[PDB]
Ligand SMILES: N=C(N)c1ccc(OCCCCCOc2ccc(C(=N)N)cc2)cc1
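Single chain ahead, written as structure tokens, the form solved without 1,5-BIS(4-amidinophenoxy)pentane (PNT).
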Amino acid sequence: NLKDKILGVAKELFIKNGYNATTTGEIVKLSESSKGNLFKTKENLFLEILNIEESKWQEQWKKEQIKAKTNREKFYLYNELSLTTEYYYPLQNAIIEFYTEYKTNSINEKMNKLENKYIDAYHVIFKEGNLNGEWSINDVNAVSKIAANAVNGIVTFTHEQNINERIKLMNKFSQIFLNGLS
């Protein structure tokens, strides 16, 4: 598929090099296509990929959260898998570089849904954890944001060391966090 071949190449460059490094010229180069083809704007093509990868990851979580009976377990598992997936999280460096370039209102709103789809996972976990009586979170939305970000950090800023120690820290985190929720 040509349209999904650009989506393919781009994603690659966006991960390897940054959002800046990757240029519309290259995307075309390694695609045997042409500017005339493209996906009008670059930030358009990019946010497209974010959506995809966001969805791919969210789905996998589902076809996977099954192995977790308690929401406490759900929390741990989500944080762990974050470290191993091949979806969304491998693009954080790129996302960051992008964000530092949030002025055009047609963005923070065009991403307001990407922001929530990313914290939802934790929303469900925390809320249903209240429904299931595993803890007592008043400010759910907050904790969800707090967690989504703390985790994204452990995942993003330690991507330079034994993948198994990361999983160890990450688990110690989940431990620490949930223990503090009451």
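Residue numbers here begin at 1 and follow the sequence given.
Keep in mind the form deposited with 1,5-BIS(4-amidinophenoxy)pentane (PNT) bound is missing from the figure; the text below concerns it.
For the form shown, open or blocked once 1,5-BIS(4-amidinophenoxy)pentane (PNT) is overlaid as positioned in the deposited bound form, with the cut-off of 3 or more ligand atoms within 2.4 Å of backbone or C-beta atoms?
Judged by the transferred pose of 1,5-BIS(4-amidinophenoxy)pentane (PNT) in the deposited bound form, this form is blocked (3 or more ligand atoms within 2.4 Å of backbone or C-beta).
At 4.5 Å between heavy atoms, is residue 126 in contact with 1,5-BIS(4-amidinophenoxy)pentane (PNT) in the deposited bound form?
Looking in the deposited bound form, residue contacts with 1,5-BIS(4-amidinophenoxy)pentane (PNT) do not include residue 126, since no heavy atom lies within 4.5 Å.
Flag residue 53 as yes or no: does it have a non-hydrogen atom within 4.5 angstroms of any non-hydrogen atom of 1,5-BIS(4-amidinophenoxy)pentane (PNT) in the deposited bound form?
Yes, residue 53 lies within 4.5 Å of 1,5-BIS(4-amidinophenoxy)pentane (PNT) in the deposited bound form.
Is residue 152 close enough to 1,5-BIS(4-amidinophenoxy)pentane (PNT) in the deposited bound form to count, meaning some heavy atom within 4.5 Å?
So residue 152 counts as contacting 1,5-BIS(4-amidinophenoxy)pentane (PNT).
Exercise: residue 148 in contact with 1,5-BIS(4-amidinophenoxy)pentane (PNT) in the deposited bound form, heavy atom 4.5 Å
Residue 148: yes, in contact with 1,5-BIS(4-amidinophenoxy)pentane (PNT) in the deposited bound form.
60, 78 and 85 each touching 1,5-BIS(4-amidinophenoxy)pentane (PNT) in the deposited bound form (heavy atom, 4.5 Å)
Spot residues vs 1,5-BIS(4-amidinophenoxy)pentane (PNT): full contact, yes.
Going by 1,5-BIS(4-amidinophenoxy)pentane (PNT) in the deposited bound form, which residues of 117-132 come within 4.5 Å of it through any heavy atom?
Contacting residue: only 122.
Treating the chain as two rigid parts that move between this form and the one not shown, state whether residue 157 and residue 79 fall in the same part.
Same rigid part: residue 157 and residue 79 travel as one unit between this form and the one not shown.
How does the CA gap of residue 87 and residue 170 change in the deposited bound form versus this form, closer or farther, if it moves 3 angstroms or more?
Compared with the form shown here, the C-alpha atoms of residue 87 and residue 170 sit closer together in the deposited bound form, by 3 Å or more.
Look at the CA atoms of residue 168 and residue 87: state whether they lie closer or farther apart in the deposited bound form than in this form, given a difference of 3 Å or more.
Between the C-alphas of residue 87 and residue 168, the gap narrows in the deposited bound form (3 Å or more compared with this form).
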